[PDB]
Amino acid sequence: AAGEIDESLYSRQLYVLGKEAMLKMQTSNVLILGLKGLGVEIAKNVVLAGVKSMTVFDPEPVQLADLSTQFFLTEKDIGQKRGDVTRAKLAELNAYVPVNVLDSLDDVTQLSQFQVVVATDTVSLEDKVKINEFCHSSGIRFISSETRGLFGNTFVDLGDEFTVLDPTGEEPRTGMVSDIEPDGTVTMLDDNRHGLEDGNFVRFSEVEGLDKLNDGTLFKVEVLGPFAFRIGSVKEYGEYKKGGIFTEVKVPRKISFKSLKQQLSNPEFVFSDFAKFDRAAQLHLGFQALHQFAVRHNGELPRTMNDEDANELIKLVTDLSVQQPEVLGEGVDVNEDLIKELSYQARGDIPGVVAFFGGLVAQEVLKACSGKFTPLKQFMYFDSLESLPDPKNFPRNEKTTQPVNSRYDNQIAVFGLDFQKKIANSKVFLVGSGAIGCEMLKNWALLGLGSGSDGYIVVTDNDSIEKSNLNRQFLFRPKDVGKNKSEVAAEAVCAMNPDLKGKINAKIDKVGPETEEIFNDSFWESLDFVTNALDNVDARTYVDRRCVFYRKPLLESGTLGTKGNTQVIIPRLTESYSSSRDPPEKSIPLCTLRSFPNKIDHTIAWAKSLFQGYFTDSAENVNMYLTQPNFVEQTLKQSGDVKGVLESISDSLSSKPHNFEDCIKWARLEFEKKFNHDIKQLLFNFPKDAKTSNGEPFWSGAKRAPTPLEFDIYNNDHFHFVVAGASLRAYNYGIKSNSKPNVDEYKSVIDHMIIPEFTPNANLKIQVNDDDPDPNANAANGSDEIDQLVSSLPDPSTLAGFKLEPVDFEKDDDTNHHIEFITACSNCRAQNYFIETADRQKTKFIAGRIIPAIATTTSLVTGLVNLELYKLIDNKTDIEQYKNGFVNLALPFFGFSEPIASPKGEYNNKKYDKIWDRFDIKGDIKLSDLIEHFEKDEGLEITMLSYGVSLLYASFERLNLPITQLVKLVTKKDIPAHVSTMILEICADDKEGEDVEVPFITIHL
Ligand SMILES: Nc1ncnc2c1ncn2[C@@H]1O[C@H](COP(=O)(O)OP(=O)(O)OP(=O)(O)O)[C@@H](O)[C@H]1O
Ligand SMILES: [Cl-]
Ligand SMILES: [K+]
Ligand SMILES: [Mg+2]
Ligand SMILES: [Mg+2]
Ligand SMILES: [Mg+2]
């Protein structure tokens, strides 16, 4: 099993961590001490990630209050040992990870069986120090974490010696160079930014004239603006001539950690929130004081909301400040109000805080196992005090926060009973049931959100469960693959908290325009707020627009590998998701794709397009030509690529295969065309020694002169191009004939083919720049030469019943030849242009647009969302109380900012909210009266009334049609069915005679 990773399970996580880090993880034995909510959350993430084994220690009996955040305990478990009852449920998370229970820790030498030891808040500070001393002195990595109500911390001690092998997890930077001067000044090609920072290291390739500079030697970077950097003298290597590519290399970094005992008096802090810098040292003394309080008082924490205990904690912190003078520093007084809240909340057990630290700490465990990413060094403290409701609405005292003998006692401890009841009675829509959705439903189950008679949860997701989902969608099991995500998730969390039984309406509908009959006005209007758990801009933007329309708050969030974000959208207050979006990533120039690739990303895009044309569009165009009597006529109206469409039909029918041998021949001939003849044609038009107008080499920089390929069936890429191409063609034409192709079989067919020789077309123009005109446009064909191709098409009557079967691209079925073809095809073109070839996993990442994902980040971001949710429940209108988050666990880095206020505008002298305000019109008004009323009371000379894309009115004949009739007219005579409201968008002029931006209209039918 050594060295093997199950890519079909770990696919998305492999794109975060890499194979080497996971191989180190699969050798590491982890021990977690304490299996309340914090411990089980950490264990859940580490077991999903795949370590060698997980061992849990917790002999304490389950009590009902433990269920606040321990999602694997049930009321039937009370009195049993937490470790014992949790082991079997953790074991079900990942069959590759054995989960054991450690019965006793009296003998500390047992720790020597483990590589990483995690001490949660069940471990006293006295025991944490003893355990850390044993781990530190033995070479065992040590991590501890504690949560106390809305506060928490983590401590990391990986020993005297630890090597970071990759500090960031980012793709290495690369770039093309146009000069390296004798002093090492490197000039970037054209406008290309290097993207490097001082102190980075690079190696070089293709630098002609400097020979051994390309041998993998590393050079330390001194940046000289964003388009040049310096590497020190290169005189010893020669004299630059031309060419070159730099590649950033991450070098190992040896670091050293101090023990817990040393760090108690002289801590090294990583801050979680730059608005709260000064709180870290205060909380550092406070968390210690809580332990001292417990040793005084028979192991008990301060009493909930108890002011006597709080005053005692403050004195403990004061005394400790004198013993630990370097913590606060000189002249800094104890923040007594802060310590008071810590005392008041010490017993609290809050799902969002547990999820935040569970995700952070589990990732630190994986860093400890692997050397991947930069460990936290060494203390981080956190609070989410902004989550507290306004005491005017929900007073906090010993009466309101007292236990009621329920699983929620330690959330009540913080928020009070009435606030928890308001959570129970909340009405929420969750859009999506994947990674964030599953974690979200778990958090809500622990909150009891929707368990109240007036509350409920709706969750919708049209997708089914797939194997790779299981790595981070922890409510799903191997047996659940193929079932509907939302339905399985709802059932799973109601087992975790039967209080939610019957309160989760699991739907399998896709959210978007086509389901507004389902998600109608009554549906949205009833909601308290909406939570997104989506993975695409279209769905996120659509939900955002509904939330704006219905003025519902929206909780947005996302992850990308180790990075994540949260966004709070509040009606009449903040920007929305849509207005905050970033302009799209610039696309690859078409000439670069078509003729001058220089990165594997370019050859993969090209190969994916060829795949689409060969095996999807070609088949569809045939079927349409055979089925629609007007196809040819339509194809000149619709056009786009008339020449290409008609040629594909003619090719598809004239060269139809009769057996599998015919498909092999076809694929071998396409190999010759794409990787030999077309390349000789390019070189005919642009000889290797050709010059531009200004006498410089045409083939320089981003233009890499290719060499045609001579087919070699022992080259893996040539072989698999033909295998995959033939199999997909055989699929197209319903031919049948092996998962293992036989090289000798294929070789016998190909060996006996006659391969047409290349003859150049000497009258072609190939586009060099995208600014230049397009030689291969419909305008570049001619209205006369298409007739030949049309009349040469066989009439459908000669092909009765003939049908081609189009391929639907599926990146995640490794037996279907899709990624095989794209990888081989890409790599053959990479061979043409001397680009390094890529394996199937990288090709699948790019061609499939897979998003790197891991449960640690998913759980952490979800925790942060639920800390903002508390603020919706209190109807907070102070924008300064909300927190938009950005996280990068690689670093680790945490940043928070208050949301951005909605832009405000003026159609002069009237102030409006450019996002949330609109004109509400009662009734199906006649067009003329609507135009009038804008002049009457809004003083607007309306100039463009549009419904969706079309313009119902434009000043560039005359209508007295009620809007509902007007829309029918211009939308090909369709009848609105369930529509009670209609959104219209206006362009207008103001009383001063000037065009103004104006809010949209709602027609209430
Ligand atoms: N318009 C929509 N309506 C409802 N659910 C949606 C919509 N668009 C996307 N989703 C859901 O959002 C969820 C996003 O979760 P996530 O991306 O973790 O899972 P996934 O897409 O199956 O995994 P992967 O991206 O790794 O294949 C998906 O389950 C997806 O079905
Ligand atoms: Cl390359
Ligand atoms: K020519
Ligand atoms: Mg400098
Ligand atoms: Mg999916
Ligand atoms: Mg997805």
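Residues numbered from 1 in each chain as written, not as in the entry; some residues may be left out. Chains lettered and ligands numbered in written order. Heavy atoms only, no water.

Per the PDB record, this model was obtained through X-ray crystallography at a reported resolution of 1.720 Å.

Under the PDB entry, the name given to the protein chain is Ubiquitin-activating enzyme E1 1, and the source organism is Saccharomyces cerevisiae. As deposited in the PDB, this entry carries the title "Uba1 in complex with ATP". Listed in UniProt under the heading Pathway, the comment for the protein chain reads: "Protein modification; protein ubiquitination." Turning to the protein chain, the UniProt annotation filed under Subunit (literature references left out) states: "Monomer. Binds two ubiquitin chains simultaneously. Component of the RSP5-UBA1-UBC5 ubiquitin ligase complex composed of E3 RSP5, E1 UBA1 and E2 UBC5 (Probable). Interacts with the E2 ubiquitin-conjugating enzyme UBC4 (By similarity)." (UniProt positions renumbered as here; feature names shortened; annotations may be inferred.)

Let us now look at the pairing of strand 10 (residues 201–205). Only one face of strand 10 is buried, namely the one carrying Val202 and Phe204, since none of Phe201, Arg203 and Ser205 on the opposite face is buried. Where strand 10 lies against strand 11 (residues 219–220), 2 bridges are found, and the strand directions are antiparallel. In the strand pairing of strand 11, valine 202 is matched with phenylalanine 219. Where strand 10 lies against strand 14 (residues 245–249), 5 bridges are found, and the strand directions are antiparallel. (Buried < 20%, exposed > 50% of the residue type's maximum accessible area, 1.4 Å probe, protein only. Helix = DSSP H or I, 4+ residues; strand = E, 2+ residues; numbered from the N terminus. Pairing = 2+ DSSP bridges.)

Counted by the stated rule, this structure contains 57 aromatic pairs. Between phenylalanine 719 and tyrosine 746 the ring centres are 5.7 Å apart and the planes differ by 80°, which places this aromatic pair in the edge-to-face class. On the basis of relative accessibility, which here comes to 8%, the residue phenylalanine 719 falls in the buried class. An aromatic cluster of three or more residues is present, and its members are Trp606, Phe611, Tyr614, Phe615, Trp666, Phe671, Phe675, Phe711, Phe721, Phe809 and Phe821. A cation sits over an aromatic face here: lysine 44 above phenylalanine 474, 4.9 Å from the ring centre. A cation over an aromatic ring shows up here: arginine 829 above the ring of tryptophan 606, its NZ or CZ 4.3 Å from the ring centre. (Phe/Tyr/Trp six-rings, centres within 6.5 Å; stacked < 30°, edge-to-face > 60°. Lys NZ or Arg CZ within 6 Å of the ring centre and 35° of its normal.)

Following the criterion strictly, the structure yields 0 disulfides and no others. Looking at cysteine 663, it has no disulfide partner, and the nearest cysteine sulfur is the one in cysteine 825, 17 Å off. Counting only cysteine sulfurs, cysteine 828 is the nearest neighbor of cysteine 825, a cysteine outside any disulfide, at a range of 7.0 Å. (Disulfide = S-S within 2.5 Å.)

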